[PDB]
Amino acid sequence: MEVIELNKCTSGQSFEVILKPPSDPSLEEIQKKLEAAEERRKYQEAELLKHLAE
Amino acid sequence: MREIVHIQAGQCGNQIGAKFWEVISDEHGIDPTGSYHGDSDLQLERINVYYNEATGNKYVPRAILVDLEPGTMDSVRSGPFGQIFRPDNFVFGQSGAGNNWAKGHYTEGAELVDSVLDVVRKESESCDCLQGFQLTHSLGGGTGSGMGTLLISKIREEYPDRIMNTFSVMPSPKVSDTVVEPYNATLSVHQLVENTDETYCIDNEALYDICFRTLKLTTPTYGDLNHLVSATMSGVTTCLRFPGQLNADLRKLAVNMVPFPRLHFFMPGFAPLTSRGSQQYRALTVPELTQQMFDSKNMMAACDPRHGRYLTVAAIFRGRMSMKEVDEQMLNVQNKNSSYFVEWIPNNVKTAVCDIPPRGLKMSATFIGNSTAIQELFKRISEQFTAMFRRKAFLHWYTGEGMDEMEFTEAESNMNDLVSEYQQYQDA
Amino acid sequence: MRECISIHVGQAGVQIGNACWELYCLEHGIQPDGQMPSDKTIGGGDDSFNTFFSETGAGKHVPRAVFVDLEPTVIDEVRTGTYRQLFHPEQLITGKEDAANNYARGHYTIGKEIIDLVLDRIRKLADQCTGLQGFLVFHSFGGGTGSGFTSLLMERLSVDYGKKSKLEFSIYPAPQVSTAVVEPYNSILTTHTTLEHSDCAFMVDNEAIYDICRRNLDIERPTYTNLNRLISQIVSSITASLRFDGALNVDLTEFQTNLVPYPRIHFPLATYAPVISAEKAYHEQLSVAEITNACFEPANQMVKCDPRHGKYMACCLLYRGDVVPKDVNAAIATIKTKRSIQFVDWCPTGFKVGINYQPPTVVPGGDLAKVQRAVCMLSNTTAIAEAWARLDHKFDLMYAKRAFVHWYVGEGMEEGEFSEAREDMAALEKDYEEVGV
Amino acid sequence: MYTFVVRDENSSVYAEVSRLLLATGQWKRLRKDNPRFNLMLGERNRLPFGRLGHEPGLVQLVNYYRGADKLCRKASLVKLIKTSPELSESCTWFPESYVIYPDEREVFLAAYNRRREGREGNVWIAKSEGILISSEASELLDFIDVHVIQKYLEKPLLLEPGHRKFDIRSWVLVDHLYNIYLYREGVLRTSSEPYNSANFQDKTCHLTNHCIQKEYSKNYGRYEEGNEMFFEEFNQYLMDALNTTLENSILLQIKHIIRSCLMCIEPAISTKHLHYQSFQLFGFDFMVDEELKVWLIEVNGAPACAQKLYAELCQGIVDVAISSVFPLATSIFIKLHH
Ligand SMILES: C=C(C)[C@@H]1NC(=O)[C@@H](NC)[C@@H](O)c2cc(Cl)c(O)c(c2)O[C@](C)(CC)[C@@H](C(=O)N2CC=C[C@H]2C(=O)N/C(C(=O)N/C(=C/C(=O)O)C(=O)O)=C(\C)CC)NC1=O
Ligand SMILES: Nc1nc2c(ncn2[C@@H]2O[C@H](COP(=O)(O)OP(=O)(O)OP(=O)(O)O)[C@@H](O)[C@H]2O)c(=O)[nH]1
Ligand SMILES: Nc1ncnc2c1ncn2[C@@H]1O[C@H](COP(=O)(O)OP(=O)(O)CP(=O)(O)O)[C@@H](O)[C@H]1O
Ligand SMILES: Nc1nc2c(ncn2[C@@H]2O[C@H](COP(=O)(O)OP(=O)(O)O)[C@@H](O)[C@H]2O)c(=O)[nH]1
Ligand SMILES: [Ca+2]
Ligand SMILES: [Ca+2]
Ligand SMILES: [Ca+2]
Ligand SMILES: [Cl-]
Ligand SMILES: [Mg+2]
Ligand SMILES: [Mg+2]
Ligand SMILES: [Mg+2]
């Protein structure tokens, strides 16, 4: 096992030991899907209010 | 999600509603004056859920009192907390409804409903974030039944995005001899299936049997029946009125309790069962609460839980006790009776503990179950309904208010469908 | 120095954030008034602690933090609590109506109406950053806000800060403390939408934390306060290298480089040792060998799973206290002959090691005993996929019957988002199995 | 009352185990997909180990060891032996074997010739019913197109009367504490047909599978019932014919091989400090050559018992592996001590 990359400072130290070597959507598209759900809600609500109006 | 608007309708709705306001007022340190004289500040943290504050540091129930008859509300006015209700929220007529759903829903109730909704609106508009409504009513009479479900459909049309919750008293021929109650109740269930989010089935058949067989009361009074009701209503609203994690508002309760929109009828349970002014000197152990609260003899709907399966369950434990022991007792009822909990809803039992116990008891527990066995209750109403309906008996009392036979046929069909949808899910 | 912005979403994220910042100030000598007597650059600077704190001319050190919940109960007791003076009112963001444990409600319904307010309050923080490197995002999987709003914000952060890195500290749901039956749904939903946007996520299973508290702190029924002060210790140990002088994991980019070779497999397992009850009368202080060996006991993991039946892609050991490299390498040599540590063939078998000489700080009056030395292992093992299988199984049982689905559809979500999410998860499960077996 | 679930309907051993559990009147069987169980008798493939030990209020036990397959599938047992120092390449009780893909191909060529080079026997067997023994290296690699190739025991111990080949099956139970229990009753699976040094593709008498002998061999059932000789009879045969005993001549070697196999993988599969617990029943298969030296041919992770012994072995599983963990209201095993 070889220690490598040893660094030291007053607060601690740091190193690496090797036991063995190797063997995004737009703002538009998000606004689109937020508003597509919003009007799915508003359709469903509207349908309820139509039924309640009957 | 803070404020609840409470509406109570009809004789049963006002009698059980008044006892509810009595019970929780004392739990929160409010006296008939409307003033606070309690010790714990746990009492006031969520007081706004059910009480409007006035300037004199007086607390006024967000409560609306409806009847097509003055009588009972006069009786509420002169009872113990009758002076705590703000006077303009008494909304009543003189007709009466004559135990007639059609009168409450279509004629007499029509005349009065708008003036009720004006009180609702005033109380609604002055909420910071209204979470929805709770209604108390019997399904067997005319006002609470017919006008109550009319009110629900109106409120739903003007507040379509709020939660609608009822405490619905189911008729039993053991304590009523009014022949048309199966009609009123079936017509009401049709409405409840469509326009409420969560309904507590408070079965007068269960209330009577508990009083007679368990509390050994040979002549149960309405006060005896309502003593069980008010304990239940205290227990099942505990998570809403005190600080906590689980089911702390109506919507979260609905999300936790209702896996299918129509299957929203809950079977409450309670332990220990007490009679009015009883002794009750031995506190229950946590294992006693847990076995008792799941016992069929403790349920407030006359249904056998072993005859169905639980979809969801909420358990609320009140008093000072070991959360560890509550956990292990809860885990043991599930692990020992696991067949009775549907496998396809994992972890469907949610448990809550509140430190403040109800008056009279150091230790108590309230059960709230979405069991497919509730179908037994709707079967019973259905059998009493069709026995008269197949001969079209007593229909003239309804057709003379303008109703048609087919509205009955639609109602009994929807309730029979409800029954069949419960049986569906009882067979995974 | 490069600034790091911490975002706390939902009850779980806010309360865990609370415990973290409390620990941070204790570790850095910042008082609850925000004053730091030992910071001798008054009014500013660019020391390593400045990565997490800004400064006012009055000398106040201010967390680079935004808190957001869709209801006010939780953040309000921040505003009125012990560290009320630490935070700027602009930093604490509340709705009035929460997501009711509904992913769709927090994502689509309530999320659409507060996402822009939150980004703006975040933008006020970035504007104050000379060289912002990215975000640490704290949230539950199970709550509606923690799952649904978090996935919304992460999509938008990727837009408005396309080059900044994004790290998660994620609370995986446990029935012993959970508040909703739909938590499996929420978990799969938010994992699916957030996956491409997260460079490195640290999952804590409340079940593991619960049991560590019961068995090693003798707490009969752990509360969120017990759970969170342990989580904050583990979080402290993972972020310590960003707030203290040192040379390993010095910026957020290095976490991906050191821990995540494949960008979808970005969920390192954390193991922590030792956990000792402060009320414990007699305690024998544990050695470098003993705490390093405990890093391979599943009972000390943040997720219970068996790393023996998977493969490793990376391993970091983070020591706090009286530790020198000689002890570490002997401990590792010994452990390697007594334990089953298999790496994937394309990675070297080896450990990155960071030591900080200061032992862990404990809260006064907490459950944790102050110890000589402690360690956090961050290992990217395919065994963590066991937790995906558990969750995915629970989702399937419910979804096959469409239970509760109507609550999400009712919010505008389409039922097909469920099966997309679940198919993404099924692919994740297969990636883990190819890498690991 | 304890609960269990049955997810391997095809298992003779645990089918019996389930019946015995219910007859106690303190065990209840739930349906396959109910997770509120104490005990899972699991499926043979892709058992969901990752889902066990996550149910609060339930101690959970399962009848397989996750990772025991590396002892129990042909090619992995060879790699396990060659690459583990505790077994070593230098292992005196495993037939020299090689992993061949349709890798140690040219690894194997050098060993073949060194023996033909050196005036030696060169019979070998290829294993995975797809069962091929030869002296031709041509003919094996002819047939390969994963498989294992290993020495054929050219000089087996042959019973008299009959000139009969055989192998020994030892049932071993390993509980949740990783105690290693050897069942006192073993069984001899005998060949019905006399053994031949020239008839290699005449596999009647070269493979002692109880399936092959029942009705692919003419003399079945002749010398003993089912071609199954028990340990009482086999020891008397060793006494009467060979002036030795089972314990001295064979069982010691079997105990040493068993303990050495399970000790080796123990760090990898032990459930000592795990959130769920394992036990498992293994069937160990040994050859015995003519100088009374024992060889390991393979390890079966899902064995069946011999009919006579089902009642007794399955009772020992219950007593030792199950009621160890879930107590109720002269031992049939010998404990191999480590
Ligand atoms: C013979 C009568 C009058 C009637 N019986 C029937 O109708 C029977 N006919 C088959 C049957 O239906 C019946 C049997 C039995 Cl054992 C009942 O207890 C019964 C009905 O219950 C009621 C209707 C009350 C639940 C019960 C009833 O109304 N009671 C029982 C004792 C008093 C009254 C009563 O409860 N009056 C009250 C009341 O509150 N009474 C109280 C009495 C008390 O203080 O003990 C109280 O608790 O306040 C109200 C109308 C509400 C203000 N009805 C009957 O007993
Ligand atoms: N460890 C830990 N887990 C928590 C904490 N608070 C909640 N959780 C867990 O997270 C899940 C619930 O999510 P919450 O954060 O409470 O929900 P939320 O983000 O506020 O979303 P809504 O309240 O539904 O709008 C459950 O698994 C809880 O057990 C906490 O403080 N610490
Ligand atoms: N190296 C070897 N030398 C001589 N004979 C051998 C041998 N390997 C196997 N045999 C014979 O072949 C038989 C079956 O071989 P094998 O080891 O494949 O058993 P098997 O697994 O294929 C059937 P099972 O697993 O049910 O026992 C052995 O029981 C033995 O009779
Ligand atoms: N449990 C209970 N049931 C009641 C009460 N009052 C009436 N009922 C029941 O309610 C039904 C009659 O309805 P009621 O409320 O009196 O009629 P309404 O005034 O027209 O709404 C019958 O089944 C009664 O048994 C009460 O105070 N408690
Ligand atoms: Ca009129
Ligand atoms: Ca400074
Ligand atoms: Ca990115
Ligand atoms: Cl950028
Ligand atoms: Mg008007
Ligand atoms: Mg009446
Ligand atoms: Mg919340």
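Residue numbers (the entry's author numbering), protein chains in the order written: chain E, 6 to 28, 44 to 74; chain B, 1 to 42, 45 to 360, 369 to 438; chain A, 1 to 437; chain G, 1 to 102, 126 to 151, 158 to 174, 179 to 362, 372 to 380.
Where a beta carbon is used, it is the ideal one built from N, C-alpha and C, also for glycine.
Task: Candidates B:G13, B:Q8 and B:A9, of which the one nearest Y224 of chain B by Cα - done: B:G13
- [ ] Count the CB pairs spanning the region 103 to 117 of chain B and the region 46 to 62 of chain E that are closer than 8 Å, and state whether there are at least three.
- [x] no
Task: For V17 of chain G: DSSP bridge partner residues - done: None; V17 of chain G has no bridge partner.
- [ ] Scan the region 270 to 329 of chain B and note each continuous beta strand (DSSP E) run of 3 residues or more that stays entirely inside, going in chain order.
- [x] 312 to 321
TODO: Please confirm if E22 of chain A has its CB atom under 7 Å from at least one CB of chain G.
DONE: no
Open item on the list: Quick check on the DSSP output: what are the complete alpha helix (DSSP H) runs of length 4 or more inside the region 64 to 98 of chain G, in order along the chain?
Closed with: 69 to 72 and 74 to 83
TODO: Please look up how many angstroms separate the CB atoms of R320 of chain A and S48 of chain A, rounded, as I've assumed it's under 8 Å.
DONE: The Cβ separation is near 15 Å, so there is no contact.
Open item on the list: I want to know whether the region 282 to 299 of chain G touches the region 230 to 248 of chain G - three or more CB-CB distances under 8 Å.
Closed with: Taking a cut-off of 8 Å for Cβ pairs, the region 282 to 299 of chain G and the region 230 to 248 of chain G do not touch, as fewer than three such pairs fall below it.
TODO: Taking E417 of chain A as part of the alpha helix (DSSP H), name the residues at either end of that continuous run.
DONE: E415 to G436
Task: C-alpha gap between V74 of chain A and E414 of chain A, whole angstroms - done: 31 Å
Open item on the list: So with CB distances below 9 Å, who are the chain B contacts of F149 of chain A?
Closed with: Correct list: empty, because the minimum Cβ distance to chain B is about 16 Å.
TODO: May I ask which residues mark the beginning and end of the alpha helix (DSSP H) holding residue 438 of chain A?
DONE: There is simply no residue 438 of chain A to check, as chain A begins at 1 and stops at 437 in what is shown.
TODO: Pick helix, strand or coil for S126 of chain B, following the three-state DSSP scheme.
DONE: The answer is helix: DSSP assigns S126 of chain B an H, G or I state.
Task: Beta-carbon proximity of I30 of chain B to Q136 of chain B, cut-off 7 Å - done: Cβ atoms of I30 of chain B and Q136 of chain B: not closer than 7 Å.
Task: Straight-line gap, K326 of chain B to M416 of chain B (C-alpha atoms, nearest Å) - done: If I take the Cα positions, the gap works out to 56 Å.
- [ ] With a threshold of 16 other CB atoms inside 10 Å of the CB of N228 of chain B, please say whether the residue is buried or exposed.
- [x] buried
Open item on the list: Please give the ranges of any alpha helix (DSSP H) in the region 260 to 309 of chain A, keeping only runs that are unbroken, at least 4 residues long and fully inside the region.
Closed with: List check, alpha helix (DSSP H) in window: 288 to 293.
TODO: To the nearest angstrom, report how far apart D327 of chain A and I209 of chain A are at their CA atoms.
DONE: Approximately 28 Å between the Cα atoms of the pair.
Open item on the list: Taking 6 Å as the cut-off, is the C-beta of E226 of chain G nearer than that to any heavy atom in ligand 3?
Closed with: It does not: the Cβ of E226 of chain G is nowhere closer than 6 Å to a heavy atom of ligand 3.
Open item on the list: Here's the rule I'm using: 16 or more other beta-carbon atoms within 10 Å means buried, otherwise exposed. How should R215 of chain A be labelled?
Closed with: exposed
Task: Three-state secondary structure (DSSP) of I24 of chain B - done: helix
Open item on the list: Is there a Cβ of chain B sitting closer than 7 Å to that of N101 of chain A, yes or no?
Closed with: yes
TODO: Grab me the residues of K124 of chain A's own chain with a C-beta within less than 8 Å of its C-beta, minus the 5 sequence neighbours each way, in chain order.
DONE: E90
Task: Proximal residues of chain G, C-beta to C-beta of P175 of chain A below 8 Å - done: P56
Task: CB contact below 7 Å: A57 of chain E versus chain A - done: It does; some Cβ of chain A falls within 7 Å.
TODO: Could you spell out the range, first to last residue, of the beta strand (DSSP E) harbouring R222 of chain G?
DONE: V220 to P227
- [ ] Verify the contact flag: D116 of chain B, CB atom, against every heavy atom of ligand 9, threshold strictly below 6 Å.
- [x] yes
Task: Bounding residues of the beta strand (DSSP E) (the contiguous stretch that carries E55 of chain B) - done: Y53 to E55
- [ ] Please state whether DSSP places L307 of chain G in a helix, a strand or coil.
- [x] coil
Task: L67 of chain B Cβ short of 6 Å to ligand 1 heavy atom set - done: no
- [ ] Would you mind working out which of A:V159, A:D46 and A:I16 sits nearest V137 of chain A, comparing C-alpha positions?
- [x] A:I16
TODO: Tell me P63 of chain B's beta-bridge partners as DSSP assigns them.
DONE: The partner list for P63 of chain B (beta bridge, DSSP) reads B:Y53.
TODO: State the DSSP-derived secondary structure class of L227 of chain A, mapped to helix, strand or coil.
DONE: helix
TODO: With 7 Å as the limit, tell me which residues of the region 16 to 33 of chain G have their beta carbon closer than that to any beta carbon of chain B; keep them in chain order.
DONE: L30 and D33
- [ ] Answer with yes or no whether the minimum CB distance from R36 of chain G to chain B is below 7 Å.
- [x] yes
Task: Spatial distance of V68 of chain B from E386 of chain A (CA atoms) - done: 57 Å
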